[PDB]
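This report concerns only the one structure given below.
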Ligand SMILES: Nc1ncnc2c1ncn2[C@@H]1O[C@H](COP(=O)(O)OP(=O)(O)OP(=O)(O)O)[C@@H](O)[C@H]1O
Ligand SMILES: Nc1ncnc2c1ncn2[C@@H]1O[C@H](COP(=O)(O)OP(=O)(O)OP(=O)(O)O)[C@@H](O)[C@H]1O
Ligand SMILES: Nc1ncnc2c1ncn2[C@@H]1O[C@H](COP(=O)(O)OP(=O)(O)OP(=O)(O)O)[C@@H](O)[C@H]1O
Ligand SMILES: Nc1ncnc2c1ncn2[C@@H]1O[C@H](COP(=O)(O)OP(=O)(O)OP(=O)(O)O)[C@@H](O)[C@H]1O
């Protein structure tokens, strides 16, 4: 026998539309069993949950089980596999047999790509046999159903492409647990904070606003990070206290971390009372700085200490830049009300060493937004199909986490190979680039900045509005400006 | 002992020709056993059923067993495998032994590729041994047959290529359970609806007509979807009822889904009576929209909210497009009667940012048909045999589900590498493409649209009729058109609309030498200048003197923006001549 678990339903939020759909599909067959039997009509059998890792797929399933109050049978990816070639199949049968016998129940298949991958990618005679066992089980359920058997099969996967097209057909209902919004993040923050004693200066709304590409798991961690930051006061207190009980003069010290460690080791059986302190908004900001956006292993470059005070003159350019980049990031409300779409990109052109690279970083800094710098030919490969795939990947990464400034330094290499027929590799790359800039999808938050020391040989197609339309000239010929720089 | 099951024979339909053949081959040996024994003539032993998953292979077998009334022995793929190396073989023997002893019977081998795959692909000593056991069993049946033994071996598989050529030879009769037609779908719908109380407004014929690439399993689901949609009224009723029994004020709510859940949890042992309601045609349409064609894994790019109202002018082009794409999709009757074959493809060529990509989407939307967009080089791999295989796969997917528009953006890359000998990889891909277009696979429903900013270097072979013959030029040089575009852009704002201002702006010399992209930029520039005015004025007044924000845009803003902005495209001679 396997009874349900006690998990908090008030923990998951930001999934309003999806949870509603799930409720509709699952509530009627499980709760009103007598009604469905009398009518004779057939219902939903399989529900597949997809999306990235840590999106709360496992939690959602657990929550749903507890909330409804039905029997939960957890089937993890390697829990059914045995030692001998036959025990694995026997177990699958027993699972389905006990499940159909006892009702109402929820069978949860966590991480299904490990059990049922594509049968062409699996050259083993055991793996193909397991897929077959699952298929047989599915059919048995369908036949037994009109009597009084009520079982819904839930499943969770991280990638739909790895799954066998055959099982995809068997499953009917699909729910996409993707990326959260401003409102959604706010809700998630509230769910996590629920057990904590927050101070009056904390505005969860402000946190959510200034939290771009963070997921449910990331926000969970930000909360945990804040907890550790607050308890630093208690550490300092203990250090001072320890140095008074056991002085040890200057024999216990060679460095700072080592001395602290030694004092604690000496104490051992000393129990201390910890006061319950409240968290500040400053502590949260500190916690946020030290957190990774889950997609840290990327082309993510940190913003330098470059401000407007480092740039002498160019006040006109500064204002123009503020309008384009800082305008949409800081004031989305203003842009939506007036009626215009947010910017796409700008081009910095002129003589070498005039501050083009600095300006790009400076703007990114000011906006407190992310910055990625791809210089010259750091894209091209020796192979016929990795360069284009890589460019696609960059835009995908950018789309996932916004606000970000995408900087392209020295574009004089890639762009002129269009007007005159030369190479085939160069042709493909530039065409993919044009496509990524102007084509299907590619929303705002991502502002592309291009820079070149040579504006001469460049294709007009790239210059066209919607791609890189705002041509900003960076030059230096005046006296007043020079004094400011000095 | 294993007696037959009670499955509905009135559930499967659309398999008229195939079911007839099956009946002929299976009826005589099973039903008239005395007659065959007397004659001394030999009959059919093995019947193999093939086709895609969920095609009703298992059901057909079950149905046939029940209908005839013979003994059913179900042999599933892993049901015979044991623990020790010998039990598996012993079981296979016992199955065949009991089967020959008791007659008339139907042995059904469900999913056979898991038991008997190619012996070269199986490096295990057990798998090869199992194939041998099956072969031995087959021979034993043949020898025993002239006495009074009547057993027919049915089998189901999803792929014929994975099966061992040896067993293929052993099996004599083969039935292909493929895809349905308009008439067939109608029949399937009726089979499923049989137990439901349909309303008078429901026309199953209309549903079937507007259901392109759906299979037996898909239609089954559409019916189930409708059931769930109807029972939403009961959910609303329960919600209102619950909030009256247990109010809980405003403590039970943080959001909407959570509050609903909590109320139900509180009730538990409360039984409610559900009224039997009828379904509407509207509910079916809603259900259809939310369903997947089981081939959603493909690369199903959804159609945007782009209509003809979003495109300023180009009325001539609009009509031409309607003729070619909407003509065959909406009116197949017209085309069959006149005598012409449906279209294959069109080419959109001209200056950048003139609405080529938009047009493609717009047409797809209008037809309510599917849309796939492959841009530049999203096909090529680093390996020597995946690029060509992928292209083949795209056409296969398109063939399976039609109506669909296949869009190729920026063809200037793939096409010119023919006229001059350069790369080998590029050569193979383009040749495969030409083959897919003209070869044998172009059975309509699939309309290919190509777009290029550079019509110059392209191979004439691709341009040839039957492939991409309809060359449509997308350009922009007139006053009336510009006014329409300006109105279209300034249409999407939400008081002050001002029509006179728009016309005057168009008249100016600077505006004459512009394009669609330029006009869009001008609009944005004007908006930015207006914001500057609002910010400077508001801040000065608020600090010295909180007031209201004014989003209004006048002519002074337009004039200043107009003065500064310069055009993008310079020489039109390049595009026109080449
Ligand atoms: N949407 C969310 N709301 C609140 N908490 C979340 C959310 N997503 C994840 N978490 C936190 O992160 C943890 C991981 O969730 P879970 O394991 O369900 O994610 P997952 O998508 O199933 O990951 P995987 O599929 O890789 O196992 C949870 O225990 C929860 O505390
Ligand atoms: N206005 C400026 N203020 C401060 N430093 C400057 C300025 N202009 C140029 N420099 C110096 O020149 C260097 C290069 O600046 P940057 O790279 O931004 O110029 P550029 O126009 O991109 O030309 P290039 O990168 O080709 O030298 C910087 O390290 C900086 O110290
Ligand atoms: N042609 C059809 N007509 C009516 N219903 C069908 C048809 N095909 C499938 N179904 C429905 O879908 C279910 C699945 O059918 P079945 O399992 O026989 O398909 P299959 O081709 O054997 O799949 P697999 O071979 O992968 O097991 C049936 O129980 C039936 O209700
Ligand atoms: N007639 C038009 N109506 C509305 N928008 C237009 C029009 N022409 C161009 N545009 C704008 O230009 C952008 C690009 O349009 P589209 O991609 O269809 O042009 P194209 O001819 O394919 O050239 P490219 O894609 O190379 O810029 C769109 O986002 C759209 O806002």
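Residue numbers (this note's numbering), protein chains in the order written: chain A, 187 to 672; chain B, 1161 to 1738. The beta carbon of each residue, even a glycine, is placed where N, CA and C say it ideally should be.
- So, does the CB of residue 1683 of chain B fall closer than 9 Å to a CB anywhere in chain A? Taking the second chain and counting its residues from 1, the one referred to as residue 1683 of chain B is at position 523. Yes - at least one Cβ of chain A is within 9 Å of the one on residue 1683 of chain B.
Using a Cβ cut-off of 9 Å (strictly closer), state whether residue 712 of chain A contacts chain B. Because chain A is modelled from 187 through 672, residue 712 of chain A falls outside the range shown and cannot be assessed.
Check whether the Cβ atoms of residue 1315 of chain B and residue 1272 of chain B lie closer than 9 Å to each other. Along the second chain, one-based indexing puts residue 1315 of chain B at 155. Along the second chain, one-based indexing puts residue 1272 of chain B at 112. Against a cut-off of 9 Å, the Cβ pair of residue 1272 of chain B and residue 1315 of chain B comes out as a contact.
**Nearest-angstrom Cα separation, counted from residue 568 of chain A out to residue 618 of chain A** = Locating residue 618 of chain A in the first chain gives position 432, where the first residue counts as 1. Locating residue 568 of chain A in the first chain gives position 382, where the first residue counts as 1. Approximately 17 Å, taken between the alpha carbons.
_Tell me the rounded alpha-carbon separation between residue 355 of chain A and residue 1199 of chain B._
For the purposes of this step, residue 355 of chain A is identified with residue 169 of the first chain, where counting begins at 1. For the purposes of this step, residue 1199 of chain B is identified with residue 39 of the second chain, where counting begins at 1. The alpha-carbon atoms of residue 355 of chain A and residue 1199 of chain B are separated by roughly 47 Å.
(Q) Can you pull the chain B neighbours of residue 351 of chain A, defined as C-beta to C-beta under 7 Å? (A) Locating residue 351 of chain A in the first chain gives position 165, where the first residue counts as 1. Here the neighbours are 1457.
- Task: Indicate the three-state DSSP secondary structure (helix, strand or coil) for residue 202 of chain A in the structure shown.
- Result: As a position in the first chain, residue 202 of chain A is number 16, starting the count at 1. Note: residue 202 of chain A maps to helix in three-state DSSP.
Under the criterion of a Cβ to heavy atom distance below 8 Å, does residue 344 of chain A qualify as lining ligand 1?
As a first step, residue 344 of chain A is located in the first chain; it is residue number 158 there, counting from the start. Yes, the beta carbon of residue 344 of chain A sits closer than 8 Å to at least one heavy atom of ligand 1.
On the three-state DSSP scale, how would you describe residue 1207 of chain B? For the purposes of this step, residue 1207 of chain B is taken as residue 47 along the second chain, with counting starting at 1. Three-state DSSP puts residue 1207 of chain B in a strand.
Residue interval of the alpha helix (DSSP H) (run including residue 390 of chain A):
For the purposes of this step, residue 390 of chain A is taken as residue 204 along the first chain, with counting starting at 1. Start and end: 390 to 395.
task = Determine the chain A residues that contact residue 1617 of chain B at a beta-carbon separation under 8 Å, and present them in chain order.
result = What you label residue 1617 of chain B is simply residue 457 of the second chain in a count that begins at 1. Correct list: 607.
- Give the straight-line distance between the Cα atoms of residue 505 of chain A and residue 494 of chain A, rounded to the nearest whole angstrom. Against the first chain, residue 505 of chain A aligns to sequence position 319. Against the first chain, residue 494 of chain A aligns to sequence position 308. Residue 505 of chain A and residue 494 of chain A: Cα-Cα distance of roughly 11 Å.
Taking the alpha helix (DSSP H) that residue 1255 of chain B falls in, what are its first and last residues? Your numbering for residue 1255 of chain B matches position 95 in the second chain. That run of the alpha helix (DSSP H) goes 1247 to 1261.
How many angstroms separate the CA atom of residue 1294 of chain B from the CA atom of residue 270 of chain A? The sequence position of residue 1294 of chain B within the second chain is 134, counting from 1. The sequence position of residue 270 of chain A within the first chain is 84, counting from 1. Rounded to the nearest whole angstrom, the C-alpha separation of residue 1294 of chain B and residue 270 of chain A is 23 Å.
For residue 341 of chain A, name the three-state secondary structure that DSSP assigns.
The residue labelled residue 341 of chain A in the question sits at position 155 within the first chain. Looking at residue 341 of chain A - three-state DSSP - the assignment turns out to be strand.
Supposed contact pair residue 1423 of chain B and residue 1406 of chain B - C-beta distance, whole angstroms, cut 8 Å
To locate residue 1406 of chain B, count along the second chain from 1; it is residue 246. To locate residue 1423 of chain B, count along the second chain from 1; it is residue 263. Yes, they are in contact, since the Cβ atoms of residue 1406 of chain B and residue 1423 of chain B sit about 6 Å apart, within 8 Å.
The beta strand (DSSP E) with residue 1530 of chain B in it runs from where to where?
For the purposes of this step, residue 1530 of chain B is taken as the residue at position 370 of the second chain. 1530 to 1535 is the span of the beta strand (DSSP E), which, as asked, contains residue 1530 of chain B.
* To do: Find the nearest neighbour of residue 1663 of chain B within the set B:1648, B:1655, B:1643, judged by alpha-carbon distance.
  => Within the second chain, the letter at position 503 stands for residue 1663 of chain B. The shortest CA-to-CA distance from residue 1663 of chain B to any of B:1648, B:1655, B:1643 is the one to B:1643.
Cβ of residue 361 of chain A within 9 Å of Cβ of residue 470 of chain A?
-> Within the first chain, the letter at position 175 stands for residue 361 of chain A. Within the first chain, the letter at position 284 stands for residue 470 of chain A. Taking 9 Å as the Cβ cut-off, residue 361 of chain A and residue 470 of chain A do not qualify as a contacting pair.
CB of residue 296 of chain A to nearest heavy atom of ligand 1: below 8 Å?
-> In the first chain, counting from the first residue as 1, residue 296 of chain A sits at position 110. Residue 296 of chain A: yes, Cβ under 8 Å from ligand 1.
Practice task
Check whether the Cβ of residue 1172 of chain B sits closer than 8 Å to any heavy atom of ligand 3, and report yes or no.
Solution key: Within the second chain, numbered from 1, the residue matching residue 1172 of chain B stands at position 12. Within the cutoff, so yes.
ask   = Quick one: is the Cβ of residue 551 of chain A within less than 8 Å of any heavy atom of ligand 2?
value = The count along the first chain starts at 1 and reaches residue 551 of chain A at position 365. Because no heavy atom of ligand 2 lies under 8 Å away, the Cβ of residue 551 of chain A does not count as near it: no.
Rounded separation between residue 1547 of chain B and residue 1720 of chain B - CA only:
Along the second chain, one-based indexing puts residue 1547 of chain B at 387. Along the second chain, one-based indexing puts residue 1720 of chain B at 560. Their backbone Cα atoms lie some 52 Å apart in a straight line.
Quiz item: By Cβ distance below 7 Å, which residues in the same chain neighbour residue 1533 of chain B in space, the five residues on each side in sequence not counted?
Solution: The count along the second chain starts at 1 and reaches residue 1533 of chain B at position 373. The answer, listed in chain order, is 1461, 1567, 1569.
Within-9 Å CB hit, residue 202 of chain A to chain B: Here residue 202 of chain A corresponds to residue number 16 of the first chain, with the count starting at 1. Chain B, which has a Cβ nearer than 9 Å to the Cβ of residue 202 of chain A, makes this yes.
How about the segment 281 to 300 of chain A and the segment 246 to 265 of chain A: do they share at least three Cβ pairs that are nearer than 8 Å? Verdict: yes, contact present.
- Contact set between residue 335 of chain A and chain B, taken where Cβ atoms lie within less than 8 Å: Mapped onto the first chain, residue 335 of chain A falls at position 149. None at all; the shortest Cβ gap to chain B is about 16 Å.
Discussion item. Judging by CA-CA distance, which residue of A:658, A:613, A:647 is the nearest neighbour of residue 635 of chain A?
Written reply: Stepping through the first chain from its first residue, residue 635 of chain A is reached at position 449. Residue A:658 is the option with its Cα nearest to residue 635 of chain A.
inquiry  = When you compare the CB of residue 346 of chain A with every CB in chain B, is at least one pair closer than 9 Å?
reply    = Numbered from 1 along the first chain, position 160 holds the residue referred to as residue 346 of chain A. The beta carbon of residue 346 of chain A falls within 9 Å of a beta carbon belonging to chain B, placing the residue at that interface.
Chain A contact residues for residue 1387 of chain B, given Cβ-Cβ distances below 8 Å:
As a position in the second chain, residue 1387 of chain B is number 227, starting the count at 1. The answer, in chain order, is 227, 228, 229.
Can you find a CB in chain B that lies within less than 9 Å of the CB of residue 284 of chain A?
If you number the first chain from 1, residue 284 of chain A lands on position 98. No, no contact with chain B.
**Message:** I'd like to know if residue 525 of chain A contacts chain D, where contact means its C-beta is closer than 9 Å to some C-beta of that chain.
**Reply:** Here chain D cannot be found, since the structure's protein chains are A and B.
Please determine if the segment 362 to 372 of chain A and the segment 234 to 247 of chain A are in contact, where contact requires at least 3 C-beta pairs separated by less than 8 Å. yes
Flag residue 1688 of chain B as yes if its beta-carbon sits less than 9 Å from any beta-carbon of chain A, otherwise no. Your numbering for residue 1688 of chain B matches position 528 in the second chain. Yes, its Cβ sits closer than 9 Å to a Cβ of chain A.
Kindly list the residues whose CB is nearer than 7 Å to the CB of residue 1453 of chain B, restricted to its own chain and excluding five residues on each side of it in sequence; keep chain order.
-> Against the second chain, residue 1453 of chain B aligns to sequence position 293. The residues are 1373, 1374, 1378, 1561.
Original post:
How is the alpha helix (DSSP H) around residue 634 of chain A delimited, first residue to last?
Top reply: Numbered from its first residue, the first chain carries residue 634 of chain A at position 448. Element bounds for residue 634 of chain A: not the alpha helix (DSSP H) but the beta strand (DSSP E), 632 to 638.
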